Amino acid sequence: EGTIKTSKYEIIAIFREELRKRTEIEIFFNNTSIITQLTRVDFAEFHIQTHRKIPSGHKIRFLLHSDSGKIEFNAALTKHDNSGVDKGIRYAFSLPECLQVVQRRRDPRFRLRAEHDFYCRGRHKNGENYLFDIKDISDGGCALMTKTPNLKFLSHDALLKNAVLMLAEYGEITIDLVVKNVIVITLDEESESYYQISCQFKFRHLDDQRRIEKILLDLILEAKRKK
């Protein structure tokens, strides 16, 4: 997909459904990117808080992880305050007059939490084991986690054969995964960083694809219920 938003109204309406929803905002600068949240939004500014530092005087790049899809834009630092014995800096930016929304997924990706000890586990070709945490999951694949991948066997379109989804109370399914990307991700003592592996399912049998559909359905049901 592809769509551009200009309306001053849509923009702040969007910056508030995402403040309220406490959704992740990723900021680009130096060389890496930092993930965090909005803390304030008004008629001209939005605020975030990080203990890092950012190139004043320059339109830096932002990106919102929204349920509506990827929302990209560029804004310029306007203010910055310094406080606390534990240094947490307060940056105030300007509202972009231009956004961009991209949503190319024909399947909603369910996000895993504390009550979900989901793992993916296997053995590479060299005979070494891996064990990834599952971060999210859909009918067509999953986004994995690890601090110590073997970057070698995780080449674009490389495939983890005879992997085994360990889905806890749902049991274990044996699948093939196709690696679509490998990325490093950073959150913020606790300044974090792990590798996200983007995976596409390659089903061994067909019941496999159905059993996952039913499972993911049961996760979405406990999602709306429970809380």
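For every residue, the number given is its place in the sequence shown, counted from 1.
Unmodelled residues of the deposited sequence between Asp188 and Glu189: 1 to 3.
The deposited model assigns a higher average Cα B-factor to 71 to 79 than to the other stretch when 71 to 79 and 134 to 142 are compared. When the C-alpha B-factors of 52 to 60 and 164 to 172 are averaged, 52 to 60 comes out higher.
Considering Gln200, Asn31, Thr39, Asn181 together, the PDB entry gives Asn31 the largest C-alpha B factor.
Within the group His156, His124, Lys87, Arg111, the record's highest C-alpha temperature factor is found at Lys87.
Ranked against the other modelled residues of its chain, the C-alpha B-factor of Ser94 as given in the entry falls in the middle third. When the modelled residues of the chain are ordered by C-alpha B-factor, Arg204 sits in the middle third. Ranked within its chain, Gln103 lands in the highest third, by CA B factor from the PDB record. Residue-level temperature factors show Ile27 in the middle third of its chain, judged at the C-alpha atom. In this PDB entry, the Cα temperature factor of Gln196 sits in the bottom third of its chain's modelled residues, the lowest group.
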